[PDB]
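Encoded as structure tokens, the following chain is the form deposited in one PDB entry, with no partner shown.
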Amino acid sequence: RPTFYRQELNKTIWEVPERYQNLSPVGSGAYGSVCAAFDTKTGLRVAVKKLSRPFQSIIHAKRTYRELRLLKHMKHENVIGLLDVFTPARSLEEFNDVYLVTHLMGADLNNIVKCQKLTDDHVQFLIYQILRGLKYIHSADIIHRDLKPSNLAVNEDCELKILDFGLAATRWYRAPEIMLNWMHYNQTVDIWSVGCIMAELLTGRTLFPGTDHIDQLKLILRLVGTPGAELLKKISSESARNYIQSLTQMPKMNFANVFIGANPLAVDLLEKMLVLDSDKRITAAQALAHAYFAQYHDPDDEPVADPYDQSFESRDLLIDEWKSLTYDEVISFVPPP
């Protein structure tokens, strides 16, 4: 058992193995607190996340276990995986804090764009990697559902890793079916997000700048058009159908016009991602074969994930059960090569 050392950072107490040195806050929110640290074992900077109050409630307890399970399963170059997980506690009885460790890339997509004007080749590489990671997570039946530039870690070689998936402004990249609260959705909500991100990288501006969700929904419908007979056919709720038609009264926008000077292939791909009907949206695996990624696509190097056991998701357990399951996972953790 490594020796730990305590430290107070921005009001929050951090107790970590001496292995991690020079803690530096990067990170704060409802998801927990995040610090950058120097992993002296490998010589590389890492990201350390201290979960808020992991076992405060059943919902907290379950999401603590969830994130631990998720990270322990992901092993892909475009997806954050678990480098280490630890707790200062020596027993289940004293177990109250959980720390997760992963790669620190250095910047997020917003930062990259802030400093550099992306070339079309940059766009293919960045989106290609997002889609490649997405094919992987989606294959394990996991959905990000909050894909956005701040959830995209990029290193100085513009290589990318998807961050904080399977856990959930955010709205700009959110799929319309979510903003409309239509129930039971699919993996392509992430594809819609990728479309909003890609458009942004091409035009340099937010595609659907809605002050609120309604304003934004009107902007979405204005661009991808009123729902056809086919889509309206799958919406049961009469109130839902009427309301959506009521939001598509803005003058129609032409898709090609919005993305003028961009690569023709880029625009075609954008059209296949920003489809109102999620059943007709291109999937990540399909997207990877699109001609826009000709220079990067390789079917022998775009793997899917090992079977992921998430039967715990349809389980309603007590705090102490969720806590014990989490503790067992912390103990059984074996670091990667």
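Here the rigid core means the biggest group of C-alpha atoms that line up within 1.5 Å when the two forms are laid on top of each other. Sequential numbering from 1, following the sequence displayed.
S.K.: Quick test of your reading: does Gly166 have no coordinates in a third or more of the other entries compared?
M.R.: Other entries vs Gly166: at least a third skip it.
S.K.: Tell me whether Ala289 turns out to be unmodelled in at least a third of the other entries of this protein, restricted to those that model residues on both sides.
M.R.: Across the other compared entries, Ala289 is absent from none.
S.K.: Pick one of none, 1 to 3, 4 to 9 or 10 or more for the number of deposited-sequence residues not modelled between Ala168 and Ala169.
M.R.: 10 or more residues lack coordinates between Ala168 and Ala169.
S.K.: For the stretches 24-32 and 54-62, which has the higher mean C-alpha B-factor as given in the deposited record?
M.R.: Comparing 24-32 with 54-62, the higher mean C-alpha B-factor belongs to 24-32.
S.K.: Taking the recorded C-alpha temperature factors, which stretch has the higher mean, 303-311 or 65-73?
M.R.: Result: 303-311.
S.K.: Taking the values straight from the PDB record, which of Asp146, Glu177, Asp84, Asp212 has the highest C-alpha temperature factor?
M.R.: Answer for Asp146, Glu177, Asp84, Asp212: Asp212, with the highest C-alpha B-factor.
S.K.: Report the option among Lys218, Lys161, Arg132, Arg241 whose CA atom has the maximum B-factor in the deposited record.
M.R.: Highest C-alpha B-factor among the listed options: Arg241.
S.K.: Quick one: classify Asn151 as lowest, middle or highest third of the chain based on its Cα B-factor.
M.R.: Its C-alpha B-factor, which the entry lists for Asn151, ranks in the lowest third among residues of this chain.
S.K.: Split into thirds by Cα B-factor across the chain's modelled residues, where does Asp141 land: lowest, middle or highest?
M.R.: Middle third.
S.K.: Place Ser193 in the lowest, middle or highest third of its chain's C-alpha B-factors, as listed in the PDB entry.
M.R.: CA B-factor rank for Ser193: lowest third.
S.K.: Could you place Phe255 in the lowest, middle or highest third of its chain by Cα temperature factor, using the values in the record?
M.R.: Highest third of the chain for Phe255's C-alpha B-factor.
S.K.: Lowest, middle or highest third: which one holds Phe125 when the chain's residues are ordered by CA B-factor from the entry?
M.R.: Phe125: CA B-factor falls in the lowest third of its chain.
The same protein also exists as the form deposited in another entry; that form is not shown, yet it is the one meant from here on.
S.K.: Determine, with the core as the superposition reference, the one member of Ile80, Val85, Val267, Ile244 that shifts its CA by 2 Å or more between this form and the one not shown.
M.R.: Residue with a C-alpha shift of 2 Å or more: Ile244.
S.K.: Over in the other structure, so in the other form, do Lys252 and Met273 pull closer or drift farther apart at the C-alpha level? The difference is 3 angstroms or more.
M.R.: Compared with this form, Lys252 and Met273 lie closer in the other form.
S.K.: Taking the cut-off of 3 Å or more as given, in which direction does the distance between the C-alpha atoms of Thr248 and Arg145 change in the other form, closer or farther?
M.R.: Compared with the form shown here, the C-alpha atoms of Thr248 and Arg145 sit farther apart in the other form, by 3 Å or more.
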